[PDB]
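Since the structure comes first, as structure tokens, the remarks are kept for the end.
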Amino acid sequence: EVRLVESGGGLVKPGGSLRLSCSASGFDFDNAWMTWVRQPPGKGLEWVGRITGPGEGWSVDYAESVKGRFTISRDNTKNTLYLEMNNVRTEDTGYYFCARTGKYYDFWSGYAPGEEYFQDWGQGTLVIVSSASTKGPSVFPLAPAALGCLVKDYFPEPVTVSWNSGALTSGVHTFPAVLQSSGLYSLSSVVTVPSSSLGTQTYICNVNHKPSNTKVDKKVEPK
Amino acid sequence: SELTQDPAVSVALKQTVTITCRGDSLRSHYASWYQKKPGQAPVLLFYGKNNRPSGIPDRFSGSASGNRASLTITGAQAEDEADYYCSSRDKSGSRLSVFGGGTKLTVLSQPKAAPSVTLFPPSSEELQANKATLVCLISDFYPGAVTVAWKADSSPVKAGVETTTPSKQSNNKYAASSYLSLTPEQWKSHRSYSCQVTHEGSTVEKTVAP
């Protein structure tokens, strides 16, 4: 019955501003505490902040890596939770979540703040922080067995990598892209090779980038 | 990291596994546990002293003693393979909340395999373009949990390291890639560059030189 719907994520430049919204239904939103939790790509969860209800004087707590830059507010008339991201940095990239937080205190064994547990979560919205204008990839060959092509500095996604115009499909693996500190995605694809015959058969990777309309073919040869 | 967990723990099918979360604040507070599958929303599993929310199977159970919090899965199944996080206060009495490092639980479905590591030096074409990038490709390992560290000669490298999350290949094994961005001057200078790949308590190292 409980539902949480996040919205407002997208591309943002460093130092810019963005606002995230989380609508709630299925529970008493007026007296429930809310918390934002973010997860960087490939990393763990991080507590962002929590805003209380009117019983606790609308008080908001923030994480130390978040204070002074993000602001959390709520609108009980619309059952929405907000997260105003200001002076955004490249480190803030990741999926942002809103969760209906519970409050627990064991009476016989207990402590002053009261252990807080996040009961119901949302699906999350993605916020990519890059300064970078659309840019075609640069492909550098990787010499041998294993053969690879380094797609580097491409924005935005995606890049489709094909080997020998679709003939090469044995052992091929196209890794996941990584968003660099520069703000430009980079990616590699590797093919396992018979390790006996290399001179007889050519090995060319076909890199395709539709946002920039750039098609690149690079011959990979041994040193 | 106020709350610390093991990075990855493997469990056999229909067996019992315990994930341990440790921290100073756990001496004065309980801990809540969460199950996170890739893409799907995190789900609360256990909280408080002996509280299990309705819907969660009874094979999950929690415990705590001293500065440790333990989540026990009795008779693990295939669908239990996911990331598990602990959550409590960062300090005793603090109004803030913090999460643990995370424990990648893997259910044994394929015979465990050691990684194959390949390290590529920067191409002469890239060095001509005032750029340099080291590519350390890892594949054919199980379970999909490795830790990659870069070495400049005998000194670890922290700046410019980008390593992707492991992904399954077409042969039921995982593969991960790592990158290291240097300047052409930092490349031609160094005697050797090393990519240390640690998997299941054992490390495989490959080295390249200009």
TODO: Would you check if B:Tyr84 is part of a strand (DSSP E or B), more than 10 Å from chain A (Cβ to nearest Cβ) and under 25 Å from A:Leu126 (Cα atoms)?
DONE: yes
Task: B:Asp58 more than 12 Å from B:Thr18 (Cα to Cα) and more than 14 Å from chain A (Cβ to nearest Cβ) - done: yes
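Kindly indicate whether B:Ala129 is surrounded by fewer than 21 Cβ atoms within 10 Å (Cβ to Cβ) and either under 17 Å from the mean Cα position of the chain (by Cα) or more than 8 Å from chain A (Cβ to nearest Cβ) (or both).
Details: surrounded by fewer than 21 Cβ atoms within 10 Å (Cβ to Cβ): yes; either under 17 Å from the mean Cα position of the chain (by Cα) or more than 8 Å from chain A (Cβ to nearest Cβ) (or both): no.
No; evaluated as a whole, the condition is false for this residue.
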Open item on the list: Any residue that is more than 10 Å from chain A (Cβ to nearest Cβ), in contact with a helix residue (DSSP H, G or I) (Cβ under 8 Å, 6 or more places away or on another chain) and over 22 Å from B:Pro7 (Cα atoms) - is there at least one of those in region B:178-185?
Closed with: yes
Task: Answer residue from region B:1-50, given it is outside any loop (DSSP other than H, G, I, E, B), touching a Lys or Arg at 6+ places or on another chain (Cβ under 8 Å) and under 25 Å from A:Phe107 (Cβ atoms) and is farthest from the other protein chains (Cβ to nearest Cβ) among those - done: B:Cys21
TODO: Go over the candidates B:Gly48, B:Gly62, B:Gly66 one by one and state the one that is out of contact with any helix residue (DSSP H, G or I) (no Cβ under 7 Å at 6 or more places or on another chain) and on the phi > 0 side of the Ramachandran plot.
DONE: B:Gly48
TODO: Being under 19 Å from B:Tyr193 (Cα atoms) and within 8 Å of another protein chain (Cβ to nearest Cβ) is the filter; apply it to region B:97-121 and report the residue that is farthest from the chain's Cα centre (by Cα).
DONE: B:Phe120
Task: Filter result (in contact with an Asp or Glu (Cβ under 6 Å, 6 or more places away or on another chain) and either closer than 16 Å to B:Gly23 by Cα or not in a strand (DSSP E or B) (or both)) within region B:89-113 - done: B:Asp90, B:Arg95, B:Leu96, B:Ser97, B:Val98, B:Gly102, B:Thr103
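In region B:190-210, how many residues are of a type in the set (D, E, K, R) and assigned to a strand (DSSP E or B)?
Here is the first cut: in region B:190-210, the ones of a type in the set (D, E, K, R) are B:191, B:200, B:205-206.
Subsequent filtering for residues that are assigned to a strand (DSSP E or B) retains B:205-206.
Summing the residues that are of a type in the set (D, E, K, R) and assigned to a strand (DSSP E or B) in region B:190-210 gives 2.
Of the residues that sit in region A:119-139 and are in a strand (DSSP E or B) and farther than 18 Å from A:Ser21 by Cα, which one is nearest to the other protein chains (Cβ to nearest Cβ)? Walk me through it before giving the result.
Our first condition is that a residue be in a strand (DSSP E or B); within region A:119-139, this holds for A:119-121, A:125-129, A:135, A:138-139.
Now restrict to residues that are farther than 18 Å from A:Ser21 by Cα: A:119, A:135, A:138-139.
Values: A:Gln119: 6, A:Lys135: 14, A:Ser138: 8, A:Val139: 10 Å.
So, considering only residues that are in a strand (DSSP E or B) and farther than 18 Å from A:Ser21 by Cα, the one nearest to the other protein chains (Cβ to nearest Cβ) is A:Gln119.
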- [ ] Looking only at region A:72-99, count how many residues are crowded, with 16+ Cβ neighbours inside 10 Å, outside any helix (DSSP H, G or I) and either at the interface with chain B (Cβ under 10 Å from one of its Cβ atoms) or within 22 Å of the chain's Cα centre (by Cα) (or both).
- [x] 13
TODO: Exactly one condition in (1) under 23 Å from the mean Cα position of the chain (by Cα); (2) of a type in the set (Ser, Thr, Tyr); (3) closer than 18 Å to B:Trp33 by Cβ is not met by A:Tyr117; state its number.
DONE: (1)
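Does at least one position in region A:189-205 carry a residue that is in contact with a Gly (Cβ under 6 Å, 6 or more places away or on another chain), within 12 Å of chain B (Cβ to nearest Cβ), over 25 Å from A:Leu20 (Cβ atoms) and among the aliphatic types (A, V, I, L, M)? Spell out how you get there, then give the answer.
Kept after step one, since they are in contact with a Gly (Cβ under 6 Å, 6 or more places away or on another chain), are these residues of region A:189-205: A:190-192.
So of that shortlist, the ones also within 12 Å of chain B (Cβ to nearest Cβ) come out as A:190-192.
Remaining after also requiring over 25 Å from A:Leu20 (Cβ atoms): A:190-192.
Keeping just the survivors that are among the aliphatic types (A, V, I, L, M) gives A:190-191.
Yes; the residues of region A:189-205 include at least one that is in contact with a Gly (Cβ under 6 Å, 6 or more places away or on another chain), within 12 Å of chain B (Cβ to nearest Cβ), over 25 Å from A:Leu20 (Cβ atoms) and among the aliphatic types (A, V, I, L, M).
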TODO: Name, by its number, the condition in (1) closer than 23 Å to B:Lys36 by Cα; (2) away from every other protein chain (no Cβ under 11 Å) that does not hold for A:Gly49.
DONE: (2)
- [ ] Determine whether B:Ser92 is surrounded by fewer than 17 Cβ atoms within 10 Å (Cβ to Cβ), assigned by CATH to the domain that holds B:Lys36 and small (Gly, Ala, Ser).
- [x] yes
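What is reported rests on the model, the rules as stated and the sources as named; none is laboratory data. Neighbour counts are summed over all protein chains in view; Cβ atoms, including those assigned to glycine, are modelled from backbone coordinates with ideal geometry.
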